[PDB]
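Listed here are the chains, written in short residue letters.
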Amino acid sequence: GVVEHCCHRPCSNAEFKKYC
Amino acid sequence: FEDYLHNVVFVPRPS
Amino acid sequence: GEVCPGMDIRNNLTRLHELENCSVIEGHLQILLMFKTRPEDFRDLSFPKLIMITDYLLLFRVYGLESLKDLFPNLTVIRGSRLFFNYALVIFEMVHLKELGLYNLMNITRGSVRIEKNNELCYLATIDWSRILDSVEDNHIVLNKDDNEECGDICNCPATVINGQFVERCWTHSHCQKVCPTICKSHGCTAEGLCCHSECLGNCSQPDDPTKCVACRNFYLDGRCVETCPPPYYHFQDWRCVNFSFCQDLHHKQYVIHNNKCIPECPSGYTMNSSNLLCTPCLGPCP
Amino acid sequence: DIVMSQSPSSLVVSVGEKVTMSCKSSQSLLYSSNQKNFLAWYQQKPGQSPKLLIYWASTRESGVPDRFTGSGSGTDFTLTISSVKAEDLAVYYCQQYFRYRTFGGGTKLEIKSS
Amino acid sequence: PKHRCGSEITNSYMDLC
Amino acid sequence: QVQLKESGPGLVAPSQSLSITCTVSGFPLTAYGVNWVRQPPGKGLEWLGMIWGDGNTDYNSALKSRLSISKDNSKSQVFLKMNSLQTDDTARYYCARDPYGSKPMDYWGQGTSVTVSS
Ligand SMILES: *[C@@H]1O[C@H](CO)[C@@H](O[C@@H]2O[C@H](CO)[C@@H](O[C@@H]3O[C@H](CO)[C@@H](O)[C@H](O[C@H]4O[C@H](CO)[C@@H](O)[C@H](O)[C@@H]4O)[C@@H]3O)[C@H](O)[C@H]2NC(C)=O)[C@H](O)[C@H]1NC(C)=O
Ligand SMILES: *[C@@H]1O[C@H](CO[C@@H]2O[C@@H](C)[C@@H](O)[C@@H](O)[C@@H]2O)[C@@H](O[C@@H]2O[C@H](CO)[C@@H](O[C@@H]3O[C@H](CO)[C@@H](O)[C@H](O)[C@@H]3O)[C@H](O)[C@H]2NC(C)=O)[C@H](O)[C@H]1NC(C)=O
Ligand SMILES: *[C@@H]1O[C@H](CO)[C@@H](O)[C@H](O)[C@H]1NC(C)=O
Ligand SMILES: *[C@@H]1O[C@H](CO)[C@@H](O)[C@H](O)[C@H]1NC(C)=O
Ligand SMILES: *[C@@H]1O[C@H](CO)[C@@H](O)[C@H](O)[C@H]1NC(C)=O
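Residues numbered from 1 in each chain as written, not as in the entry; some residues may be left out. Chains lettered and ligands numbered in written order. Heavy atoms only, no water. Residues with missing side-chain atoms left out of burial classes, pairs and counts.

### A word on the interface of chain D and chain F
Here's step 1: Across the boundary between the two partners, chain D contributes 17 residues, which contact 24 residues of chain F.
Here's step 2: Summing both sides of the interface, chain D and chain F together bury roughly 1,700 Å²; the carbon and sulfur share of this comes to 57%.
Here's step 3: Counting the contacts that link chain D with chain F gives three salt bridges.
Here's step 4: Residue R101 of chain D pairs with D98 of chain F through a salt bridge whose shortest N-O separation is 2.4 Å.
Here's step 5: Linking chain D with chain F are seven residue pairs in polar contact.
Here's step 6: Mapped by element, the contributors of at least two residues to the side of chain D that touches chain F are β6 (39-44), β7 (51-55) and β11 (90-96) of chain D. (Contact = heavy atoms within 4.5 Å. Buried area = accessible area lost by both parts, 1.4 Å probe. Salt bridge = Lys/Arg side-chain N within 4 Å of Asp/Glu carboxyl O. Polar contact = N/O pair within 3.5 Å; in protein donor to acceptor, adjacent residues only side chain to side chain. Helix = DSSP H or I, 4+ residues; strand = E, 2+ residues; numbered from the N terminus.)

In structure tokens, the structure reads:
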């Protein structure tokens, strides 16, 4: 999930842009 | 619930 | 009108104009993530043809949208065949939204309502969801402007009891909540109080006529509400009847036929016959 | 091709008596999707058109007296008149409407008198 | 790397995307 | 105000054709089916055929070759044509509405009498 990868765990800007 | 909303909204394909 | 599949409109408002020739959304509808929109873009925008939604409805972070009375003025039934986490209607973080205004929403066949974190949103306590939903205990309408008890809710409108208060029910300042007589059940009534046909659902244009229903209580066929799809028709999406020719075109790029229904896949224990799209019992385990 | 058959052909009876007539189908009329039988019963009084009494094996038509009761499921169905009135002198047909429509031979219900 | 939770995620989608 | 009226020639010579028109009123033909049922003198009812709302037609397996059913939705009329008549075709021909999704034949017309002789 999204919160699984970017809320529970650290998450860079480029790693976050994969979702949109 | 809010965590469930984000996991199903921010998918690469919208629908 | 026309029947369109599920939608997921976001970012741009030009994608929203895909509902201009749409009356029934055979699926869900998600309008979300519009941060640069203004109320100037919603005053002239309207989709009066939309009547029914098969699955759920989702509004999330749609800036500028102050009311839905002009966006979906004829939305009547949300069947809730497939829900958004046990919710057929989700109004989450819809800022600038002043009211719901769905003065035609008469019946949510399945699911509940989730309205949370919607600032500037009033006209919520003036809605008796028990006349729309059968399971109002599973609702969750919190963290709104109406929670502060200081909303300018002003409504002739009928008055019901929610907790321990006799409050009049109205969607907007000029739209009451239409409550039909007890004898009409969920079939809907006219403005005078005449019950619609026993196959209607929510509203109709003429009473005691299954061909004048706004929505169907069971299934829709040939412009008439029916209780079941008779042979040689099939139940599709659990709301309308189709023939074998329709279910065959959808399969050719993969629906099948089972129990007089056009379903996407055969259930566990049955395999598809390649000739007539009919699910047959497998020999031993099926692949 | 479905084939219906009723019995008896005719029967005489006095007023206020119980009457039962059958209607056998060559194929099961039970719909798997809604669990109902596609069978109807029709009454045709002398000099009149047929009248829909009971549809879906047991459901009575709006305006039908409670004396007429329809029972049965699958292939064997029966129509029962609780208290036969004098006005029940008519021919009763059973019609299946699962796939196409087929009427039965019909049972002639005559009322005794002297 | 960075932690984004709740409304911070919605703000992150609005800024980056 | 659901009504159905038949209009037949009444007398048809043997080995000719029979044309009957069912003029309906009170319901849309696009949403309701209309059956054709005849009744020989002193004999039981016999289903000839019906036409659905979309236009599809079903016929009796024994009399499919001779029967022909069409309709005009704008005129609210349903037509029946039978070919190569015989003396045993003398009967009263009805037309009945069919809410196929809900109830079977409910409203029947008074029928028209057709005699096949010389
Ligand atoms: C709103 O309109 C409806 C439509 O008439 C009205 O009637 C009620 O609708 C609900 C929703 O379908 C009915 O609940 C069903 O009851 C049956 C029989 O008990 C159950 O089997 C159903 O559950 C199964 O079927 C569902 C659909 O296939 C599945 O999704 C589900 O997982 C189960 O498999 C379902 O619970 C209810 O019976 C009717 N009531 C009547 C009297 O007809 C409803 O009352 C209206 N609500 C208002 C006006 O507030
Ligand atoms: C099997 O079903 C298809 C699809 O029918 C469509 O979906 C159903 C659920 C109903 O809502 C129908 O009302 C709907 O049309 C049938 O194909 C359709 O057939 C009709 C008439 O046979 C076509 O209508 C025509 O359209 C032209 C314009 O293109 C007009 O000029 C005509 O006057 C007439 O109205 C329709 O276009 C057609 N649609 C498609 C996608 O093919 C199909 O006929 C049916 N099969 C059988 C055997 O009945
Ligand atoms: C939004 O629509 C405009 C045209 O009105 C188009 O130029 C732009 O690329 C669209 N952007 C997105 C993200 O859809
Ligand atoms: C909707 O119908 C109108 C009819 O004139 C047509 O011009 C338009 O292109 C249609 N739009 C869509 C999205 O189908
Ligand atoms: C219900 O249907 C009638 C007839 O189309 C329409 O006039 C009315 O606005 C609809 N809504 C309500 C709440 O009556």
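### Some points on the site of ligand 1
Residue and element names in this part refer to chain C.
Here's step 1: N107, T109, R110, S130, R131, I132, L133, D134, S186, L201 and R217 make up every residue found near ligand 1.
Here's step 2: At 2.3 Å from an oxygen atom of ligand 1 is found a side-chain nitrogen or oxygen belonging to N107.
Here's step 3: Residue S186 places a side-chain N or O atom 3.3 Å away from an oxygen atom belonging to ligand 1.
Here's step 4: When the free accessible area of ligand 1 is taken as 920 Å², the share hidden by the protein chains comes to 38%.
Here's step 5: Grouping the constituent residues of the shell around ligand 1 by class yields three nonpolar, four polar and four charged.
Here's step 6: Built from parts of two domains, the shell around ligand 1 gets at least three residues from each of domain 1 (1-179) and domain 2 (180-287). (Near = heavy atom within 4 Å. Areas by Shrake-Rupley, 256 points an atom, 1.4 Å probe, with all protein chains shown as cover. Nonpolar A, V, L, I, M, F, W, Y, C, P; charged D, E, K, R; others polar. Domains from an automatic or database assignment.)

### A word on the side chain of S23 of chain C
Residues and elements named next belong to chain C.
Here's step 1: With respect to the element layout, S23 can be found in the loop between β1 (3-10) and β2 (24-34).
Here's step 2: By relative accessible area, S23 is classed as buried at 12%.
Here's step 3: Not counting the four nearest positions on each side in its chain, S23 is found in contact with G1, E2, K49, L50, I51 and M52. (Buried < 20%, exposed > 50% of the residue type's maximum accessible area, 1.4 Å probe, protein only.)

### Focus: the interface of chain B and chain C
It is common to report an interface's size as the accessible area lost on association of the parts.
Here's step 1: Counting residues at the interface gives 10 residues for chain B and 16 residues for chain C.
Here's step 2: Counting every contact that joins chain B to chain C gives one salt bridge.
Here's step 3: Between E2 of chain B and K117 of chain C there is a salt bridge whose closest N-O contact spans 3.3 Å.
Here's step 4: Along the contact surface separating chain B from chain C lie two residue pairs in polar contact.
Here's step 5: Its residues assigned to classes, the side of chain B that touches chain C shows seven nonpolar, two polar and one charged.

### Some points on the UniProt feature "disulfide bond" in chain C
Residues and elements named next belong to chain C.
Here's step 1: In this structure the UniProt-annotated cystine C216-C225 is intact, with an S-S distance of 2.0 Å. Here the two residues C216 and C225 agree in accessibility, since each one is buried.
Here's step 2: With 2.0 Å between their sulfur atoms, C247 and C262 do form the disulfide that UniProt assigns to them. In this pair, the class of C247 matches that of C262, namely buried. (Disulfide = S-S within 2.5 Å. UniProt positions renumbered as here; feature names shortened; annotations may be inferred.)

### Things to note about empty space enclosed by the protein
Unoccupied space between atoms shows up once a probe the size of one water molecule is rolled over them.
Here's step 1: Each pocket or cavity is described by its volume, and for the largest cavity that value is around 40 Å³.
Here's step 2: In terms of lining residues, the largest cavity is bounded by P231 of chain C, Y97, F98, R99, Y100 and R101 of chain D together with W47, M50, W52 and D58 of chain F.
Here's step 3: Each residue belonging to the lining of the largest cavity can be placed in one class, and the counts come to seven nonpolar, no polar and three charged.
Here's step 4: Considering only enclosed or pocket space, the second largest cavity measures out at about 30 Å³ in volume.
Here's step 5: Those elements that provide at least two residues to the lining of the second largest cavity are α2 (13-16) of chain A together with α1 (7-16) of chain E.
Here's step 6: In terms of residue class, the lining of the second largest cavity is built from three nonpolar, three polar and two charged. (1 Å grid on protein atoms, 1.4 Å probe; cavity = no way out; pocket = protein on both sides within 12 Å on 5 of 7 lines; lining within 4 Å. Points joined across faces, edges and corners; volume = space filled by probe spheres on them.)

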